>>> print(open('start.cif').read())   # mmCIF, C-alpha atoms
data_input
loop_
_atom_site.group_PDB
_atom_site.id
_atom_site.type_symbol
_atom_site.label_atom_id
_atom_site.label_comp_id
_atom_site.auth_asym_id
_atom_site.auth_seq_id
_atom_site.Cartn_x
_atom_site.Cartn_y
_atom_site.Cartn_z
ATOM 1 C CA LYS A 60 75.591 -169.343 -25.057
ATOM 2 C CA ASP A 61 74.567 -169.621 -28.721
ATOM 3 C CA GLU A 62 72.303 -166.570 -28.345
ATOM 4 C CA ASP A 63 71.668 -163.928 -25.681
ATOM 5 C CA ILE A 64 68.646 -164.393 -23.407
ATOM 6 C CA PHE A 65 67.444 -161.286 -21.555
ATOM 7 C CA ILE A 66 64.405 -162.027 -19.375
ATOM 8 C CA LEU A 67 62.559 -159.695 -16.998
ATOM 9 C CA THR A 68 60.238 -161.058 -14.318
ATOM 10 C CA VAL A 69 57.616 -158.333 -14.006
ATOM 11 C CA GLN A 70 54.474 -157.853 -11.916
ATOM 12 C CA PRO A 71 51.258 -156.110 -13.050
ATOM 13 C CA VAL A 72 50.039 -153.107 -11.071
ATOM 14 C CA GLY A 73 47.082 -151.958 -13.152
ATOM 15 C CA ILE A 74 45.554 -151.540 -16.593
ATOM 16 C CA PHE A 75 44.802 -148.717 -19.043
ATOM 17 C CA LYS A 76 41.411 -149.264 -20.672
ATOM 18 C CA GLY A 77 41.788 -146.065 -22.654
ATOM 19 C CA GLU A 78 43.197 -142.627 -21.765
ATOM 20 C CA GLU A 79 42.580 -143.589 -18.116
ATOM 21 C CA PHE A 80 43.947 -145.824 -15.370
ATOM 22 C CA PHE A 81 42.228 -148.707 -13.578
ATOM 23 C CA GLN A 82 44.004 -150.344 -10.645
ATOM 24 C CA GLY A 83 43.580 -154.105 -10.708
ATOM 25 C CA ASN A 84 45.169 -157.489 -11.267
ATOM 26 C CA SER A 85 44.350 -160.967 -12.633
ATOM 27 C CA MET A 86 44.923 -159.762 -16.212
ATOM 28 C CA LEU A 87 47.050 -162.053 -18.379
ATOM 29 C CA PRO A 88 48.531 -160.521 -21.551
ATOM 30 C CA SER A 89 48.777 -162.951 -24.436
ATOM 31 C CA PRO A 90 52.327 -164.003 -25.372
ATOM 32 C CA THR A 91 54.341 -162.284 -28.141
ATOM 33 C CA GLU A 92 52.554 -159.014 -27.269
ATOM 34 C CA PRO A 93 54.943 -156.040 -27.555
ATOM 35 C CA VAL A 94 56.414 -154.487 -24.414
ATOM 36 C CA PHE A 95 57.188 -150.767 -24.145
ATOM 37 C CA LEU A 96 58.770 -148.514 -21.531
ATOM 38 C CA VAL A 97 56.397 -146.025 -19.921
ATOM 39 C CA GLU A 98 56.972 -142.291 -20.254
ATOM 40 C CA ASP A 99 57.195 -140.025 -17.222
ATOM 41 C CA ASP A 100 54.104 -138.011 -18.188
ATOM 42 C CA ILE A 101 51.913 -141.121 -17.932
ATOM 43 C CA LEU A 102 53.442 -141.918 -14.537
ATOM 44 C CA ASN A 103 52.486 -138.416 -13.352
ATOM 45 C CA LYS A 104 48.746 -138.969 -13.843
ATOM 46 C CA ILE A 105 49.268 -141.839 -11.411
ATOM 47 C CA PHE A 106 50.311 -140.817 -7.877
ATOM 48 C CA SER A 107 48.248 -137.653 -8.401
ATOM 49 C CA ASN A 108 44.831 -136.589 -7.135
ATOM 50 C CA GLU A 109 42.337 -133.742 -7.450
ATOM 51 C CA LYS A 110 43.775 -130.283 -6.823
ATOM 52 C CA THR A 111 41.592 -129.913 -3.712
ATOM 53 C CA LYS A 112 43.387 -132.795 -1.948
ATOM 54 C CA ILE A 113 46.919 -132.829 -3.406
ATOM 55 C CA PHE A 114 49.710 -133.028 -0.811
ATOM 56 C CA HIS A 115 53.191 -133.244 -2.330
ATOM 57 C CA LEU A 116 55.360 -135.476 -0.147
ATOM 58 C CA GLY A 117 58.389 -135.628 -2.448
ATOM 59 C CA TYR B 469 17.731 -169.248 22.935
ATOM 60 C CA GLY B 470 17.522 -167.372 19.626
ATOM 61 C CA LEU B 471 20.542 -165.077 19.339
ATOM 62 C CA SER B 472 23.049 -164.574 16.532
ATOM 63 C CA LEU B 473 26.306 -162.657 16.138
ATOM 64 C CA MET B 474 27.754 -160.794 13.149
ATOM 65 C CA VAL B 475 31.380 -160.109 14.088
ATOM 66 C CA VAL B 476 32.545 -157.293 11.793
ATOM 67 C CA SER B 477 36.223 -156.399 12.105
ATOM 68 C CA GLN B 478 39.034 -155.229 9.837
ATOM 69 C CA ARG B 479 41.661 -156.942 12.045
ATOM 70 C CA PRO B 480 40.492 -160.555 12.466
ATOM 71 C CA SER B 481 43.805 -161.539 14.077
ATOM 72 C CA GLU B 482 43.148 -159.072 16.919
ATOM 73 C CA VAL B 483 39.656 -160.378 17.724
ATOM 74 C CA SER B 484 39.591 -163.141 20.326
ATOM 75 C CA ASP B 485 39.624 -166.635 18.840
ATOM 76 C CA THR B 486 36.969 -167.751 21.343
ATOM 77 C CA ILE B 487 34.336 -165.771 19.414
ATOM 78 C CA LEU B 488 35.630 -166.047 15.839
ATOM 79 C CA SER B 489 36.085 -169.835 15.974
ATOM 80 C CA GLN B 490 32.337 -170.218 16.637
ATOM 81 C CA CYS B 491 31.417 -168.555 13.321
ATOM 82 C CA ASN B 492 30.125 -170.942 10.656
ATOM 83 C CA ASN B 493 29.605 -168.662 7.633
ATOM 84 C CA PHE B 494 32.163 -166.134 6.398
ATOM 85 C CA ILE B 495 31.772 -163.103 4.144
ATOM 86 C CA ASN B 496 35.420 -162.343 3.382
ATOM 87 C CA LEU B 497 36.381 -159.111 1.631
ATOM 88 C CA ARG B 498 39.853 -158.064 0.491
ATOM 89 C CA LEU B 499 42.612 -158.655 3.048
ATOM 90 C CA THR B 500 46.118 -157.227 2.674
ATOM 91 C CA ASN B 501 47.689 -158.175 6.030
ATOM 92 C CA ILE B 502 49.577 -161.468 5.754
ATOM 93 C CA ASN B 503 48.946 -162.031 9.466
ATOM 94 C CA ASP B 504 45.206 -161.658 8.771
ATOM 95 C CA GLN B 505 44.993 -163.966 5.745
ATOM 96 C CA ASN B 506 46.896 -166.686 7.612
ATOM 97 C CA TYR B 507 44.475 -166.588 10.550
ATOM 98 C CA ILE B 508 41.338 -166.620 8.393
ATOM 99 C CA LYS B 509 42.699 -169.372 6.123
ATOM 100 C CA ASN B 510 43.125 -171.703 9.111
ATOM 101 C CA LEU B 511 39.564 -170.901 10.252
ATOM 102 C CA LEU B 512 37.817 -171.529 6.922
ATOM 103 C CA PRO B 513 36.565 -175.004 5.967
ATOM 104 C CA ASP B 514 39.186 -177.228 4.366
ATOM 105 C CA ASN B 515 37.357 -177.316 1.022
ATOM 106 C CA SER B 516 37.787 -173.538 0.630
ATOM 107 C CA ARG B 517 41.518 -173.486 1.432
ATOM 108 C CA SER B 518 42.346 -173.892 -2.266
ATOM 109 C CA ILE B 519 40.158 -170.890 -3.164
ATOM 110 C CA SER B 520 41.308 -168.855 -0.135
ATOM 111 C CA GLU B 521 44.161 -167.359 -2.204
ATOM 112 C CA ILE B 522 41.838 -164.769 -3.805
ATOM 113 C CA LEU B 523 41.676 -162.591 -0.671
ATOM 114 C CA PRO B 524 44.505 -160.167 -1.641
ATOM 115 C CA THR B 525 43.198 -160.131 -5.232
ATOM 116 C CA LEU B 526 39.521 -159.340 -4.583
ATOM 117 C CA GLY B 527 38.488 -155.836 -5.599
ATOM 118 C CA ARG C 267 29.722 -143.738 -32.302
ATOM 119 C CA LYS C 268 33.432 -144.183 -31.608
ATOM 120 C CA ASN C 269 32.789 -145.718 -28.180
ATOM 121 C CA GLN C 270 30.185 -148.058 -29.683
ATOM 122 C CA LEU C 271 32.822 -149.540 -32.015
ATOM 123 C CA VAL C 272 35.679 -149.691 -29.479
ATOM 124 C CA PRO C 273 34.674 -153.317 -28.761
ATOM 125 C CA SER C 274 35.525 -155.863 -31.475
ATOM 126 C CA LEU C 275 38.455 -153.586 -32.404
ATOM 127 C CA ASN C 276 40.499 -154.552 -29.318
ATOM 128 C CA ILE C 277 40.447 -158.233 -30.350
ATOM 129 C CA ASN C 278 43.626 -159.320 -32.121
ATOM 130 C CA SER C 279 42.385 -162.332 -34.113
ATOM 131 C CA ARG C 280 39.249 -160.959 -35.768
ATOM 132 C CA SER C 281 38.247 -160.707 -39.425
ATOM 133 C CA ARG C 282 37.231 -157.229 -40.609
ATOM 134 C CA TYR C 283 35.907 -156.498 -44.105
ATOM 135 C CA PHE C 284 35.392 -153.089 -45.709
ATOM 136 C CA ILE C 285 33.047 -152.011 -48.512
ATOM 137 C CA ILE C 286 34.504 -148.506 -48.873
ATOM 138 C CA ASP C 287 32.981 -146.500 -51.723
ATOM 139 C CA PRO C 288 35.554 -144.221 -53.416
ATOM 140 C CA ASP C 289 32.882 -141.713 -54.479
ATOM 141 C CA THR C 290 31.752 -140.849 -50.942
ATOM 142 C CA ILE C 291 35.143 -139.999 -49.419
ATOM 143 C CA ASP C 292 36.883 -136.988 -50.944
ATOM 144 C CA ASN C 293 40.522 -137.240 -52.052
ATOM 145 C CA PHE C 294 40.174 -141.025 -52.054
ATOM 146 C CA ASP C 295 42.848 -141.638 -54.697
ATOM 147 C CA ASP C 296 45.530 -139.708 -52.778
ATOM 148 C CA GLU C 297 44.685 -140.902 -49.242
ATOM 149 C CA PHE C 298 43.355 -144.479 -49.519
ATOM 150 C CA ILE C 299 46.849 -145.997 -49.598
ATOM 151 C CA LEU C 300 47.958 -143.995 -46.552
ATOM 152 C CA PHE C 301 44.777 -144.971 -44.701
ATOM 153 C CA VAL C 302 45.408 -148.646 -45.474
ATOM 154 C CA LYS C 303 49.027 -148.289 -44.343
ATOM 155 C CA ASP C 304 48.098 -146.735 -40.998
ATOM 156 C CA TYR C 305 45.344 -149.332 -40.548
ATOM 157 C CA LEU C 306 47.766 -152.216 -41.111
ATOM 158 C CA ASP C 307 50.421 -150.627 -38.883
ATOM 159 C CA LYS C 308 47.946 -150.856 -35.971
ATOM 160 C CA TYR C 309 45.626 -153.805 -36.701
ATOM 161 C CA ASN C 310 47.532 -156.144 -39.053
ATOM 162 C CA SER C 311 50.899 -155.600 -37.369
ATOM 163 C CA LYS C 312 51.706 -158.464 -34.991
ATOM 164 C CA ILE C 313 52.745 -161.638 -36.795
ATOM 165 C CA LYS C 314 51.581 -164.215 -34.218
ATOM 166 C CA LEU C 315 48.469 -162.590 -32.711
ATOM 167 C CA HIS C 316 46.999 -161.005 -35.876
ATOM 168 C CA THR C 317 46.155 -164.094 -37.930
ATOM 169 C CA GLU C 318 43.390 -162.539 -40.069
ATOM 170 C CA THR C 319 43.978 -160.594 -43.281
ATOM 171 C CA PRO C 320 41.657 -157.599 -43.791
ATOM 172 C CA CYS C 321 39.744 -157.366 -47.062
ATOM 173 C CA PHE C 322 38.971 -154.063 -48.790
ATOM 174 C CA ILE C 323 36.283 -153.998 -51.490
ATOM 175 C CA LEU C 324 35.854 -150.933 -53.707
ATOM 176 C CA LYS C 325 32.927 -150.078 -55.990
ATOM 177 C CA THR C 326 34.832 -149.272 -59.179
ATOM 178 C CA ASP C 327 35.822 -150.710 -62.543
ATOM 179 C CA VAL C 328 38.256 -153.617 -62.734
ATOM 180 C CA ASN C 329 40.702 -151.498 -64.759
ATOM 181 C CA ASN C 330 41.108 -148.777 -62.109
ATOM 182 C CA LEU C 331 42.313 -151.310 -59.518
ATOM 183 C CA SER C 332 45.665 -151.842 -61.258
ATOM 184 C CA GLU C 333 46.550 -148.224 -60.454
ATOM 185 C CA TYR C 334 45.880 -148.899 -56.767
ATOM 186 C CA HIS C 335 48.016 -152.044 -56.963
ATOM 187 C CA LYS C 336 50.850 -150.042 -58.537
ATOM 188 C CA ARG C 337 50.592 -147.379 -55.825
ATOM 189 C CA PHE C 338 50.711 -150.050 -53.111
ATOM 190 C CA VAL C 339 53.738 -151.683 -54.758
ATOM 191 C CA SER C 340 55.487 -148.305 -54.974
ATOM 192 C CA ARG C 341 54.803 -147.651 -51.283
ATOM 193 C CA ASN C 342 56.174 -151.146 -50.468
ATOM 194 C CA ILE C 343 52.952 -152.813 -49.304
ATOM 195 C CA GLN C 344 52.296 -156.435 -50.273
ATOM 196 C CA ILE C 345 48.663 -157.051 -51.247
ATOM 197 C CA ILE C 346 46.811 -159.542 -53.439
ATOM 198 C CA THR C 347 44.166 -158.435 -55.942
ATOM 199 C CA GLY C 348 43.125 -161.775 -57.432
ATOM 200 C CA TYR C 349 43.038 -160.321 -60.961
ATOM 201 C CA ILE C 350 45.642 -161.096 -63.613
ATOM 202 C CA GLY C 351 43.940 -158.579 -65.923
ATOM 203 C CA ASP C 352 40.195 -158.778 -66.659
ATOM 204 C CA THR C 353 40.263 -162.333 -65.239
ATOM 205 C CA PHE C 354 39.495 -163.455 -61.683
ATOM 206 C CA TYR C 355 41.140 -166.503 -60.091
ATOM 207 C CA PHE C 356 39.282 -167.590 -56.959
ATOM 208 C CA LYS C 357 42.113 -169.966 -56.014
ATOM 209 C CA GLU C 358 44.371 -166.928 -55.469
ATOM 210 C CA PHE C 359 41.916 -164.621 -53.684
ATOM 211 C CA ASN C 360 41.041 -167.204 -51.003
ATOM 212 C CA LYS C 361 44.599 -168.289 -50.139
ATOM 213 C CA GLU C 362 46.032 -167.960 -46.642
ATOM 214 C CA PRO C 363 49.247 -165.886 -46.601
ATOM 215 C CA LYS C 364 52.409 -167.789 -45.741
ATOM 216 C CA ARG C 365 54.000 -166.640 -42.482
ATOM 217 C CA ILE C 366 57.615 -167.125 -41.397
ATOM 218 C CA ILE C 367 58.075 -166.046 -37.791
ATOM 219 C CA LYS C 368 61.838 -165.646 -37.729
ATOM 220 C CA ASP C 369 62.354 -162.371 -39.665
ATOM 221 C CA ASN C 370 58.805 -160.941 -39.360
ATOM 222 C CA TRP C 371 57.645 -161.953 -42.841
ATOM 223 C CA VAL C 372 54.085 -162.400 -44.120
ATOM 224 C CA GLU C 373 53.201 -163.002 -47.764
ATOM 225 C CA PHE C 374 50.610 -160.220 -48.020
ATOM 226 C CA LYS C 375 48.889 -157.772 -45.685
ATOM 227 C CA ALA C 376 45.463 -156.962 -47.159
ATOM 228 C CA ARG C 377 43.041 -158.005 -49.905
ATOM 229 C CA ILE C 378 42.008 -155.106 -52.163
ATOM 230 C CA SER C 379 39.641 -156.181 -54.940
ATOM 231 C CA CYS C 380 36.659 -154.941 -56.947
ATOM 232 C CA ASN C 381 32.902 -155.259 -56.320
ATOM 233 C CA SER C 382 32.284 -157.886 -59.006
ATOM 234 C CA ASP C 383 30.098 -160.960 -58.605
ATOM 235 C CA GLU C 384 33.080 -163.328 -58.399
ATOM 236 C CA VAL C 385 34.734 -161.507 -55.491
ATOM 237 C CA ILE C 386 31.349 -161.237 -53.749
ATOM 238 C CA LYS C 387 30.874 -165.001 -54.083
ATOM 239 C CA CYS C 388 34.402 -165.538 -52.749
ATOM 240 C CA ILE C 389 33.611 -163.337 -49.738
ATOM 241 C CA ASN C 390 30.396 -165.291 -49.155
ATOM 242 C CA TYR C 391 32.349 -168.563 -49.311
ATOM 243 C CA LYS C 392 34.585 -167.489 -46.394
ATOM 244 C CA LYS C 393 32.459 -165.099 -44.350
ATOM 245 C CA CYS C 394 34.011 -162.568 -41.982
ATOM 246 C CA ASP C 395 32.860 -161.515 -38.498
ATOM 247 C CA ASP C 396 32.588 -157.707 -38.729
ATOM 248 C CA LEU C 397 31.504 -156.073 -41.995
ATOM 249 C CA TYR C 398 31.981 -152.309 -42.343
ATOM 250 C CA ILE C 399 30.172 -150.320 -45.045
ATOM 251 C CA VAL C 400 31.232 -146.793 -46.014
ATOM 252 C CA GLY C 401 29.192 -144.766 -48.487
ATOM 253 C CA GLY C 402 25.960 -146.769 -48.456
ATOM 254 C CA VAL C 403 26.975 -149.406 -51.002
ATOM 255 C CA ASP C 404 24.247 -151.845 -52.077
ATOM 256 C CA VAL C 405 25.225 -154.667 -49.712
ATOM 257 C CA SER C 406 22.480 -157.088 -50.734
ATOM 258 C CA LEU C 407 24.004 -160.303 -52.131
ATOM 259 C CA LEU C 408 26.442 -160.875 -49.256
ATOM 260 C CA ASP C 409 24.527 -163.422 -47.113
ATOM 261 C CA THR C 410 25.061 -161.161 -44.092
ATOM 262 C CA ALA C 411 23.586 -163.636 -41.596
ATOM 263 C CA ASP C 412 26.355 -164.194 -38.974
ATOM 264 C CA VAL C 413 28.395 -161.035 -39.531
ATOM 265 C CA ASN C 414 28.005 -157.893 -37.416
ATOM 266 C CA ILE C 415 26.992 -155.335 -40.036
ATOM 267 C CA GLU C 416 28.002 -151.799 -38.999
ATOM 268 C CA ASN C 417 27.215 -149.000 -41.443
ATOM 269 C CA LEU C 418 29.566 -146.012 -41.235
ATOM 270 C CA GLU C 419 28.633 -142.506 -42.411
ATOM 271 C CA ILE C 420 31.730 -140.371 -43.021
ATOM 272 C CA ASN C 421 32.979 -137.699 -45.412
ATOM 273 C CA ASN C 422 36.792 -137.816 -45.089
ATOM 274 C CA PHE C 423 39.440 -140.322 -44.044
ATOM 275 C CA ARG C 424 40.130 -138.377 -40.833
ATOM 276 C CA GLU C 425 36.673 -139.259 -39.501
ATOM 277 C CA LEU C 426 37.246 -142.884 -40.523
ATOM 278 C CA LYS C 427 40.529 -142.928 -38.595
ATOM 279 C CA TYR C 428 38.829 -141.375 -35.563
ATOM 280 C CA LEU C 429 36.000 -143.928 -35.636
ATOM 281 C CA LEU C 430 38.424 -146.875 -35.842
ATOM 282 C CA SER C 431 40.351 -145.561 -32.793
ATOM 283 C CA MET C 432 43.359 -144.672 -34.960
ATOM 284 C CA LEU C 433 43.242 -141.018 -33.858
ATOM 285 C CA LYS C 434 42.420 -139.078 -30.702
ATOM 286 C CA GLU C 435 40.817 -136.094 -32.476
ATOM 287 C CA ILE C 436 39.024 -135.535 -35.774
#
>>> encode(input="start.cif", output="structure tokens")
Amino acid sequence: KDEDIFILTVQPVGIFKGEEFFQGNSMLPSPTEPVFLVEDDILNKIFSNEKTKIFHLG
Amino acid sequence: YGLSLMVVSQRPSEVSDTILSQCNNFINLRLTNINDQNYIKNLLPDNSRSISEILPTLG
Amino acid sequence: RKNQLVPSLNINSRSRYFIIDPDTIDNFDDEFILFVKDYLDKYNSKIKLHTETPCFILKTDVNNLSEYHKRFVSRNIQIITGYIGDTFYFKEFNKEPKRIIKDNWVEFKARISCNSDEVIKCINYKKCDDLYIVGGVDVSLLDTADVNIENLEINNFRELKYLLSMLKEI
């Protein structure tokens, strides 16, 4: 009541080492680390494959 | 008489329990079926039940 | 070279010291402040996870450092020199900045000083973990036995930014 508490319970689904994706888990980010919202262009490199085996479902 | 079995299956719940329950050593890889983890957890030794929660996490 | 240094730069709490030589890098006077600003905006940014203050040591006269301090003050960057004018106070150079984590306040961001004997002794008193040398400065009396010495050969600040993973291209 004195302040406003907005909390999100969120689940990891991977990691970006650098300029690339690496599916995995068991990675614990240290507290106070900043949290951003992902852009759609980054999400497009995920759910995508090589052009020789791309099948657009929707 | 000198025979051994290596039961290799991706669906442990579908294999007959008469053959799997006679296995002493387990080499468990990643399992994603909740009906498969439950069956293999009850077949592992009791000391490894605490560490048997890594099966969906192994990569 | 960039991928060799990408470890020890991903660690938040880690002391990094620089021995940048103004003569080697061109346009040093007009780009050093911006380079420090973009370094602090990425490395000395978080107030709870970045608990180490970077130290920058320049090979120049003690008089020329006041101009750098004035430029930093004008660009609204809080740094400590340790010099009150031709006089060095070691009790001020080796002080931990005061942090108040309620409004994102820290007393100072970086330590920019000269290459005198007093500042060298102060650095030796509280050794860092990674020591970076730019321009081939005579790093002899630093007791570099514990630190990870990493000489860097560059010609402009763009290459320095690329090496420190602050840029994707040159």
>>> resolve_selection(input="start.cif", expression="the PyMOL selection byres ((chain C) within 8 of (chain A))", output="ChimeraX atom specification")
/C:312,314-315
>>> residues_around(input="start.cif", residues="residue 270 in chain C", least_positions_apart="2", cutoff="12 Å", atoms="only C-alpha atoms", output="mmCIF file with C-alpha atoms, keeping the file's coordinate frame")
data_model
loop_
_atom_site.group_PDB
_atom_site.id
_atom_site.type_symbol
_atom_site.label_atom_id
_atom_site.label_comp_id
_atom_site.auth_asym_id
_atom_site.auth_seq_id
_atom_site.Cartn_x
_atom_site.Cartn_y
_atom_site.Cartn_z
ATOM 1 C CA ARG C 267 29.722 -143.738 -32.302
ATOM 2 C CA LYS C 268 33.432 -144.183 -31.608
ATOM 3 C CA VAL C 272 35.679 -149.691 -29.479
ATOM 4 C CA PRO C 273 34.674 -153.317 -28.761
ATOM 5 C CA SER C 274 35.525 -155.863 -31.475
ATOM 6 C CA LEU C 275 38.455 -153.586 -32.404
ATOM 7 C CA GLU C 416 28.002 -151.799 -38.999
ATOM 8 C CA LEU C 418 29.566 -146.012 -41.235
ATOM 9 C CA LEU C 429 36.000 -143.928 -35.636
ATOM 10 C CA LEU C 430 38.424 -146.875 -35.842
ATOM 11 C CA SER C 431 40.351 -145.561 -32.793
#
>>> interface_residues(input="start.cif", of="chain B", to="chain A", cutoff="9 Å", atoms="only C-alpha atoms", output="MDAnalysis selection string")
chainID B and resid 525:527
>>> resolve_selection(input="start.cif", expression="the PyMOL selection byres ((chain C and resi 397-407) around 12)", output="ChimeraX atom specification")
/C:271,274-275,280-292,320-326,381-390,393-396,408-423,425-426,429-430
>>> residues_around(input="start.cif", residues="range 481-498 of chain B", least_positions_apart="6", cutoff="12 Å", atoms="all atoms listed in the file", output="list in words")
residues 472, 473, 474, 475, 504, 505, 506, 507, 508, 509, 510, 511, 512, 513, 516, 519, 520, 521, 522, 523, 524, 525, 526 and 527 of chain B
>>> atom_distance(input="start.cif", atom1="CA of residue 331 in chain C", atom2="CA of residue 298 in chain C")
12.2 Å
>>> atom_distance(input="start.cif", atom1="CA of residue 319 in chain C", atom2="CA of residue 377 in chain C")
7.2 Å
>>> resolve_selection(input="start.cif", expression="the PyMOL selection byres ((chain A and resi 64-74) around 10)", output="PyMOL selection string")
chain A and resi 60-63+75-77+79-88
>>> atom_distance(input="start.cif", atom1="CA of residue 374 in chain C", atom2="CA of residue 346 in chain C")
6.7 Å
